[PDB]
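What follows is one structure encoded as structure tokens, with my remarks underneath.
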Amino acid sequence: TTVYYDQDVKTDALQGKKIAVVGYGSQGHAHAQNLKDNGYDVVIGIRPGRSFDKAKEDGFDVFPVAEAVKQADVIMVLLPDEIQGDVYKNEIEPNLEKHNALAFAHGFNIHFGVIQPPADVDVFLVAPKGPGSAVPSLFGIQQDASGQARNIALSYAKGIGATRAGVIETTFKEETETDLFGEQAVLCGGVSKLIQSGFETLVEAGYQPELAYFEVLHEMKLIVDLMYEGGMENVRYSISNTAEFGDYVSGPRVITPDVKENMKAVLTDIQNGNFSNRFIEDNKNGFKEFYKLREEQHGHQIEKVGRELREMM
Amino acid sequence: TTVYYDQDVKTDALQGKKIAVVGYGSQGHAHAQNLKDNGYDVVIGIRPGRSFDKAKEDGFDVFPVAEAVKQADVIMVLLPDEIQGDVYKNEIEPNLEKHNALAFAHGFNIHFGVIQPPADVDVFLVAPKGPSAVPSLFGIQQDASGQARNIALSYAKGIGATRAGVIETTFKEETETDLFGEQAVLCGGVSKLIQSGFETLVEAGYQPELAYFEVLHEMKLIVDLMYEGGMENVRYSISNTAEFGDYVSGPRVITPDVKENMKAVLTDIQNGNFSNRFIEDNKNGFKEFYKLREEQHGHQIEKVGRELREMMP
Ligand SMILES: Cc1nc2[nH]c(=O)n(O)c(=O)c2s1
Ligand SMILES: Cc1nc2[nH]c(=O)n(O)c(=O)c2s1
Ligand SMILES: [Mg+2]
Ligand SMILES: [Mg+2]
Ligand SMILES: [Mg+2]
Ligand SMILES: [Mg+2]
């Protein structure tokens, strides 16, 4: 466990260099504005559109992506994972230089070999956490060509404010596989069908879908907020003895040990690469499987019940 | 599917009636001063203790439970499910008069037969969900005076539960949906899912800190998006990779067997098995309850959260 804080970072390896934040999403605006706030020459390279325009109205200098990397000394690629492959080949790699940084916030395209950087460029990762009211961030290194890849990555995490709560060192493999697993097994995929199958149980049992919507979904924010502030022991403390007791004896009944075996099964396909190439080759086929799965989820009763409760009268 | 607000309570039944709220917890104090601020005669009924005169020093004239029930016409019991059965039989029921009104915020003791009220008394329920504005629940067990629904709905505004709406339900539905939500999704289901996800990453060799982030700490952002714009807002705000993993791995982790495990939990809540199991352990000194809560405190997840939250402002 190596944790670097603001006082741990001593030199300013980032000053004197120009920064190219590729893309202007929620994280692109967060990185780009946090650097100019600390007196850094930050540039933004994105395609023309509504986020191109928005970056202009926020006082930023927006350019095509092929010129922004020509201009800068550190390129932070914050584009969607599915489009980073071809944007790197047609707009970033032909305009690369020597001894300067190819940064990322997620190591999907790097760890899975989709983006192969040359030897004479530093390739690091800096992944902010939580608000992106400070949560420790992560950072890692794939290549060290300039001899200052560590101090460039750590001073960049300091520039975006990621070192205020401390940055934890990791690898491109560890950040990619733990991020992908949490989304699939717990946070997104795991919880959503956990809420769906609970909602379907109550509705099929003759209970009102509105009362079922509160008990399996809307009431979770309070439980999750308690866990976010004081951990799981805070939830067990704040909830009633009847609720805490039911947690203990019925939790393992729902999440049987076989569910844990399913989590290790999906983690295996994240490590070998079965998930990555499946998500990529479906993207090359117009996202047919992806879009069909997205649209079919809207046919669930729980989503319609939710919007009807939100459009109250 | 119908909802009642302040504009639907055309007639106030609580006018000129002394109301006793048995207990003085955070819920007992919220009811007691809400009705007093809206022009209602309220009196606290509680045993002598540090919270007895705590209610007296807050501007209430507080009597023992036996006398507070006698001089009142609407008796509201806001005490834990473990204690309601005893003080009702020993203090409430002997002093209960004809055409009175027995009130509750939860229907555990009524639906499971722990508290069996007389036939000549009104029994209703008002269950808030806020302590933002969310709709509340209400129901009527018995209607002796012929005004049990009028007294319940006007009491809903006395506490201030009308302005966001009140949805009708029964004691059976309010109790079973509340118990199932905690046992199958909210507390039992989610925390066991997070534990199995955390154990999977630590047993695979990943850092426990990054494992704590991606299965617990990042959930607050996801649940906040689901609280604001439903489940559709989650898939809309997360990346395509997280959205794609949601669809392809969610059903892998939560298999159809997980759903029928929740039907077993709901079955044990319907036939009263879970209730008397909880009462059996309470009458034995909560021996298995406190053994279970110490096991959970020994999980690696909790100590990792403590050392990770201490570095957060
Ligand atoms: C902070 C909270 N503690 C509890 N305990 C329960 O039993 N139910 O049902 C709840 O909704 C809540 S909320
Ligand atoms: C609102 C959020 N959308 C995403 N998408 C992702 O892929 N990861 O990894 C995240 O952490 C988050 S948070
Ligand atoms: Mg992430
Ligand atoms: Mg509840
Ligand atoms: Mg409850
Ligand atoms: Mg991700």
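In what follows, chains are A, B, ... by sequence order, proteins preceding strands, each numbered from 1.
In this pair, B:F274 and B:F278 present their aromatic rings parallel. The plane angle is below 30°, not in the 30 to 60° band. Using the six-membered ring where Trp is involved, B:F108 and B:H106 have ring planes that are parallel, under 30° apart on the 30 and 60° scheme.
Classification of B:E176 and B:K172 as a salt-bridged pair holds, one side-chain N sitting under 4.0 Å from a carboxylate O. Using a 4.0 Å cut-off between charged side-chain N and carboxylate O, B:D268 and A:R253 make a salt bridge. Checked for salt-bridge contact, B:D281 and B:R277 miss the test: no charged N lies under 4.0 Å from a carboxylate O. Of the charged side-chain nitrogens involved, none lies within less than 4.0 Å of a carboxylate oxygen, so that B:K283 and B:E280 do not count as a salt-bridged pair.
Within the 4.5 Å cutoff, the side chain of A:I302 has heavy atoms near those of the A:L217 side chain. No side-chain heavy atom of A:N241 sits under 4.5 Å from any side-chain heavy atom of A:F245. Counting heavy atoms from C-beta outward, A:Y248 and B:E288 have side chains that stay 4.5 Å or more apart.
Evaluation of the ring-ring contact (aromatic ring centres under 6.0 Å, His included) rule for B:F124 yields B:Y155 as partners, not counting sequence neighbours. Applying the salt bridge (charged side-chain N to carboxylate O under 4.0 Å, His left out) test to B:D6 and every residue at least two apart in sequence or in another chain returns nothing.
Aromatic pair B:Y4/B:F138: centroids less than 6.0 angstrom apart.
Residue A:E229 places its CD atom among more than 12 non-hydrogen atoms of other residues, nucleotides or ligands, all under 6.0 Å distant. Around NZ of B:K129, the count of heavy atoms belonging to other residues, nucleotides or ligands within 6.0 Å exceeds 12. By the neighbour-count criterion of 12 heavy atoms within 6.0 Å, atom CD of B:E168 is densely surrounded, having more than that number from other residues, nucleotides or ligands.
If you take CG on A:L194 and CG on B:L186, they are separated by 9.5 Å, rounding to the nearest 0.5 Å. To the nearest 0.5 Å, atoms CG (A:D258) and OG1 (B:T255) are separated by 7.5 Å. Taken from CD in A:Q208 to CG in B:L137, the straight-line distance is 8.5 Å, to the nearest 0.5 Å.
Of the N and O atoms on the side chains of B:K192 and B:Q195, not one donor lies less than 3.5 Å from an acceptor on the other residue. Side-chain contact check for B:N233 and B:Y227: no donor-acceptor pair (N or O, by modelled atom type) lies under 3.5 Å. No side-chain donor-acceptor contact under 3.5 Å links B:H99 and B:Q147.
B:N95 places a side-chain N or O within 3.5 Å of a backbone atom of B:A66 that can act as its donor or acceptor partner.
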Decide yes or no on side chain to side chain contact (heavy atoms under 4.5 Å, CB included) for B:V22 and B:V87, but give the supporting numbers first.
CA-CA 9 Å; B:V22 190; B:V87 278; 5.5 Å; no
With side chain to side chain contact (heavy atoms under 4.5 Å, CB included) as the criterion, how do B:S191 and A:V235 come out once you've worked through the C-alpha distance, each side chain's angles and the decisive distance to 0.1 Å?
CA-CA 9 Å; B:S191 55; A:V235 171; over 6 Å; no
CA sep, side-chain torsions, deciding dist, call: B:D143, B:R149, salt bridge (charged side-chain N to carboxylate O under 4.0 Å, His left out):
CA-CA 8 Å; B:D143 189 18; B:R149 187 199 264 256; over 6 Å; no
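The cationic group of B:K17 does not satisfy the cation-pi geometry with B:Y40, failing either the under 6.0 Å distance to the six-membered ring centre or the 45° limit from the ring axis. A cation-pi contact, defined as under 6.0 Å to the ring centre and within 45° of the axis, links B:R293 to B:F289.
Contact between B:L14 and B:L35 at its shortest, heavy atoms only, is CD1-CD2, 4.0 Å. In plain terms, the two heavy atoms of B:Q142 and B:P117 that are nearest each other are NE2-CG, 3.6 Å. The two residues A:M232 and A:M227 have their closest heavy-atom pair at N-CG, 3.9 Å. Of all heavy-atom pairs spanning B:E218 and A:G130, the tightest one is OE1-N, 3.5 Å. In terms of heavy-atom proximity, B:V121 sits nearest to B:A101 at CG2-N, 3.9 Å. B:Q183 and B:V265 make their closest contact through OE1-CG1, 3.5 Å (heavy atoms, listed as atom of the first residue, atom of the second, distance).
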Which atom pairs, one a donor and one an acceptor, fall under 3.5 Å between side chains of residues 302-313 of chain B and the rest of the protein, sequence neighbours left out?
residue, atom, partner, partner atom, Å
B:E302, OE1, B:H297, ND1, 3.0
B:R306, NH1, A:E233, OE2, 3.3
B:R309, NH1, B:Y212, OH, 3.4
B:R309, NH1, B:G305, O, 3.2
B:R309, NH2, A:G230, O, 3.3
B:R309, NH2, A:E233, OE2, 3.2

